[PDB]
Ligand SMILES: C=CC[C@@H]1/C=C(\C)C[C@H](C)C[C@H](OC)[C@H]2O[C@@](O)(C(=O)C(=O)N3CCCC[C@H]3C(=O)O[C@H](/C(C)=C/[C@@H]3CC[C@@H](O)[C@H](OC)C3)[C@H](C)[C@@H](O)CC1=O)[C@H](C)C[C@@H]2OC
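The form deposited without the ligand is given below as one chain in structure tokens.
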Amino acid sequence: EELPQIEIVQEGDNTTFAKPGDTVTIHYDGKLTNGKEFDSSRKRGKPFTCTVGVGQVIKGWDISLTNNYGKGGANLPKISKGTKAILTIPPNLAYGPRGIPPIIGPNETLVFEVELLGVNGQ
């Protein structure tokens, strides 16, 4: 299957990993491949909290934060608490062929800078 690109820029505690159903808290920056930013929790003023692995965020996010639903994968490093990463997510794992104009265009790849701040409120 097709997976997102995950590059660790800062290692976490290598102990606290999130799994489907868990609640996570992260800070993130979202930009198009042309460098143009489309979303950012840091600029909004608060970290984002959500349930991962159940499709309540884009599929690329669920995969990165739960290590492919616990299945893992080829070249798919784990993200623990305190980990900074860069997520590259293809259209099929983002907003697909139609996209969400005028917020995001069709057939669009997305690049995220994410920092895992907490798992299950801790």
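The first residue of the shown sequence is 1; numbering continues from there.
What comes next is about the form deposited with the ligand bound, which does not appear here.
Looking at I63, you'd find every heavy atom of it more than 4.5 angstroms from the ligand in the bound PDB entry. The shortest heavy atom separation between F48 and the ligand in the bound PDB entry is within 4.5 Å. Using a 4.5 angstroms limit between non-hydrogen atoms, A94 touches the ligand in the bound PDB entry. Not displayed here, the ligand is kept clear of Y69 by more than 4.5 Å at the level of heavy atoms in the bound PDB entry.
Proximity to the ligand in the bound PDB entry, defined as a heavy atom within 4.5 Å, singles out one entry of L32, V57, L76, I86, which is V57.
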